[PDB]
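**Q** File name input-v4.cif; file contents mmCIF, N, CA, C and O atoms; full text below.
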```cif
data_target
#
loop_
_atom_site.group_PDB
_atom_site.id
_atom_site.type_symbol
_atom_site.label_atom_id
_atom_site.label_comp_id
_atom_site.auth_asym_id
_atom_site.auth_seq_id
_atom_site.Cartn_x
_atom_site.Cartn_y
_atom_site.Cartn_z
ATOM 1 N N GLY A 16 -51.601 35.247 91.301
ATOM 2 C CA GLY A 16 -51.180 36.677 91.267
ATOM 3 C C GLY A 16 -49.669 36.759 91.085
ATOM 4 O O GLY A 16 -49.030 35.790 90.674
ATOM 5 N N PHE A 17 -49.103 37.920 91.394
ATOM 6 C CA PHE A 17 -47.665 38.120 91.263
ATOM 7 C C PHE A 17 -46.906 37.191 92.205
ATOM 8 O O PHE A 17 -45.801 36.750 91.900
ATOM 9 N N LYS A 18 -47.511 36.894 93.351
ATOM 10 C CA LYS A 18 -46.890 36.012 94.328
ATOM 11 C C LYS A 18 -47.000 34.562 93.878
ATOM 12 O O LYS A 18 -46.075 33.767 94.058
ATOM 13 N N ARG A 19 -48.141 34.223 93.296
ATOM 14 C CA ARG A 19 -48.368 32.865 92.829
ATOM 15 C C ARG A 19 -47.301 32.457 91.821
ATOM 16 O O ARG A 19 -46.812 31.330 91.847
ATOM 17 N N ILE A 20 -46.941 33.380 90.935
ATOM 18 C CA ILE A 20 -45.926 33.094 89.927
ATOM 19 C C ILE A 20 -44.536 33.049 90.557
ATOM 20 O O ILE A 20 -43.680 32.267 90.141
ATOM 21 N N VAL A 21 -44.316 33.882 91.572
ATOM 22 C CA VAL A 21 -43.022 33.904 92.244
ATOM 23 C C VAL A 21 -42.655 32.488 92.670
ATOM 24 O O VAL A 21 -41.480 32.124 92.722
ATOM 25 N N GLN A 22 -43.677 31.692 92.969
ATOM 26 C CA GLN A 22 -43.466 30.312 93.382
ATOM 27 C C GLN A 22 -42.869 29.490 92.234
ATOM 28 O O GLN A 22 -42.165 28.508 92.462
ATOM 29 N N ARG A 23 -43.160 29.898 91.000
ATOM 30 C CA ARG A 23 -42.649 29.189 89.828
ATOM 31 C C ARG A 23 -41.134 29.280 89.747
ATOM 32 O O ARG A 23 -40.480 28.361 89.255
ATOM 33 N N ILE A 24 -40.569 30.380 90.227
ATOM 34 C CA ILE A 24 -39.130 30.534 90.184
ATOM 35 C C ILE A 24 -38.490 29.587 91.180
ATOM 36 O O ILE A 24 -37.450 28.997 90.912
ATOM 37 N N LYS A 25 -39.129 29.435 92.329
ATOM 38 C CA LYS A 25 -38.602 28.536 93.343
ATOM 39 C C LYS A 25 -38.267 27.206 92.691
ATOM 40 O O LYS A 25 -37.329 26.516 93.081
ATOM 41 N N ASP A 26 -39.044 26.870 91.678
ATOM 42 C CA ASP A 26 -38.831 25.640 90.938
ATOM 43 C C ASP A 26 -37.580 25.776 90.075
ATOM 44 O O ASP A 26 -36.920 24.787 89.752
ATOM 45 N N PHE A 27 -37.260 27.017 89.708
ATOM 46 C CA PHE A 27 -36.087 27.283 88.885
ATOM 47 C C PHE A 27 -34.819 27.173 89.727
ATOM 48 O O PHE A 27 -33.822 26.602 89.289
ATOM 49 N N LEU A 28 -34.860 27.716 90.942
ATOM 50 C CA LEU A 28 -33.699 27.644 91.811
ATOM 51 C C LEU A 28 -33.526 26.211 92.274
ATOM 52 O O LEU A 28 -32.409 25.746 92.487
ATOM 53 N N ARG A 29 -34.642 25.499 92.377
ATOM 54 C CA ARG A 29 -34.607 24.101 92.762
ATOM 55 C C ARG A 29 -33.969 23.325 91.618
ATOM 56 O O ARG A 29 -33.325 22.295 91.819
ATOM 57 N N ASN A 30 -34.149 23.859 90.414
ATOM 58 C CA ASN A 30 -33.590 23.255 89.217
ATOM 59 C C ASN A 30 -32.123 23.647 89.075
ATOM 60 O O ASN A 30 -31.279 22.821 88.729
ATOM 61 N N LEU A 31 -31.828 24.916 89.353
ATOM 62 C CA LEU A 31 -30.460 25.407 89.258
ATOM 63 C C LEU A 31 -29.661 24.981 90.485
ATOM 64 O O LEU A 31 -28.679 24.246 90.370
ATOM 65 N N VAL A 32 -30.090 25.430 91.661
ATOM 66 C CA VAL A 32 -29.402 25.061 92.891
ATOM 67 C C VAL A 32 -29.257 23.547 92.946
ATOM 68 O O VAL A 32 -28.330 23.026 93.566
#
```
How does the structure come out when it is put into structure tokens?
**A**
Amino acid sequence: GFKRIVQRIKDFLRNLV
């Protein structure tokens, strides 16, 4: 759902941060 995808960004901040 919308929350499930939100988890995909966490991977982005993990990539950026």
**Q** So the first atom is atom C of residue 16 of chain A and the second is atom O of residue 32 of chain A; what is the distance between them in Å, to one decimal place?
**A**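 Calculated distance between atom C of residue 16 of chain A and atom O of residue 32 of chain A is 25.5 Å.
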**Q** Would you compute the box with edges along x, y and z of the file around segment 18-32 of chain A, including every atom the file lists for it and 5 Å extra on each side, and give its centre and edge lengths in Å to one decimal, as lines of an AutoDock Vina configuration file?
**A**
```
center_x = -38.3
center_y = 29.6
center_z = 91.5
size_x = 30.0
size_y = 24.6
size_z = 15.6
```
**Q** I'd like the interatomic distance between atom N of residue 19 of chain A and atom C of residue 31 of chain A, to a tenth of an Å.
**A**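 Value for the atom N of residue 19 of chain A-atom C of residue 31 of chain A distance: 20.9 Å.
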**Q** Rounded to one decimal in Å, what is the spacing between atom O of residue 30 of chain A and atom CA of residue 17 of chain A?
**A** 22.6 Å
